[PDB]
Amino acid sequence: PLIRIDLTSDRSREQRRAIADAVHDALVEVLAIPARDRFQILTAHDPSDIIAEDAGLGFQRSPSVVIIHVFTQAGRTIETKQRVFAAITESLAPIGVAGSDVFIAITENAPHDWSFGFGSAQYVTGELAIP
């Protein structure tokens, strides 16, 4: 999967990387992807640039929001996706990211929609095994 993590520049570089590490540990545990199937883009913002409310659920967030956008191939069940959300949030709690400040979205594609390098689609050639 390719993960876009948009968070706030108020967080230290150390913590930003820990957040990234946390997200990856979680996906590996839940999804059983290769340990090295790690592809993440960390974009830090002034908190004013991230606006994330509650869709009327009834809770507030701090300014230190963390938005995690997961681009992964289709196939995963609803419960597996629920597991991902729970796993990521839990792994982020101890490293200073509150549950209220996590927002997660999934966007799917297919195996043939990926090139890991060298201009090759490794799922299509079979060099890389599909989950």
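Counting begins at 1, following the sequence as shown.
In this entry, 58-66 shows the higher mean Cα temperature factor of the pair 99-107 and 58-66. Here the stretch with the larger average CA B-factor, out of 13-21 and 113-121, is 13-21. Highest CA B-factor among the listed residues (40, 43, 89, 48): 48. For residue 36, the recorded CA temperature factor ranks within the highest third of the chain's modelled residues. Sort the modelled residues of the chain by CA B factor and residue 27 lands in the lowest third.
Compared with the other modelled residues of the chain, the Cα B-factor recorded for residue 128 ranks in the lowest third.
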